[PDB]
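# Observations on the three-dimensional arrangement
Here are the chains, one letter per residue:
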Amino acid sequence: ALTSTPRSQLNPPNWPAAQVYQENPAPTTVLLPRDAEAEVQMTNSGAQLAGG
Amino acid sequence: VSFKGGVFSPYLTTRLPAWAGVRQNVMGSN
Amino acid sequence: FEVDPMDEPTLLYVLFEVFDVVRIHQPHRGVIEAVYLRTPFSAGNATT
């Protein structure tokens, strides 16, 4: 009575989308390495960017 | 001025100019 | 060019005295970034 969500029928056949353990993960912040605008401008200028 | 030991077309190749007989030396018409 | 006729096949050799600069940077431990360049005879342009 302190660990069971009040049900209407034991072993209910379809646990709804609210009383079941959804997992929220923290938003995945990615550090986009590069700015394509500057890379394209530099490569057009004649440079030949190459490396990590 | 032989081209032996020579590559095989050391020279820029230009249009076959689509005309009528700058294509080969051969016989022809009826 | 001119050349004295040598019966042995020979091939020319010409250079264009072009800057070949390079800049090499390392932002983080274990990463290396490079920029190649050839001002009058660039090795890459907008077409690649």
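Structure shown above.
Below, the structure is looked at part by part. (Residues numbered from 1 in each chain as written, not as in the entry; some residues may be left out. Chains lettered and ligands numbered in written order. Part of a larger assembly, values for the part shown. Heavy atoms only, no water.)

## Observations concerning the overall build of chain C
- What chain C contains, in helices and strands, is 0 helices and 2 strands.
- A buried classification covers 6% of the 48 residues belonging to chain C.
- If you sum the accessible surface of chain C, you get close to 4900 Å²; carbon and sulfur atoms cover 57% of it. (Helix = DSSP H or I, 4+ residues; strand = E, 2+ residues; numbered from the N terminus. Buried < 20%, exposed > 50% of the residue type's maximum accessible area, 1.4 Å probe, protein only. Areas by Shrake-Rupley, 256 points an atom, 1.4 Å probe, with all protein chains shown as cover.)

## Structural notes on the packing of aromatic side chains
- On inspection of all chains with the given rule, the structure shows 2 aromatic pairs over all chains.
- Ring centres of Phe3(B) and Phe8(B) lie 5.7 Å apart, and the angle between their planes is 80°; this geometry places the pair in the edge-to-face category. (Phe/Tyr/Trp six-rings, centres within 6.5 Å; stacked < 30°, edge-to-face > 60°.)

## Considering the interface of chain C and chain A
- Across the boundary between the two partners, chain C contributes 11 residues, which contact 9 residues of chain A.
- At the junction of chain C with chain A, the criterion picks out 0 salt bridges.
- Viewed at the interface, chain A and chain C are joined by 4 residue pairs in polar contact.
- With 2 bridges connecting them, strand β1 (residues 50-51) of chain A and strand β2 (residues 33-36) of chain C associate as antiparallel partners. Paired with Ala50(A) across the bridge in β2(C) is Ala34(C). (Contact = heavy atoms within 4.5 Å. Salt bridge = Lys/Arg side-chain N within 4 Å of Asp/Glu carboxyl O. Polar contact = N/O pair within 3.5 Å; in protein donor to acceptor, adjacent residues only side chain to side chain. Pairing = 2+ DSSP bridges.)

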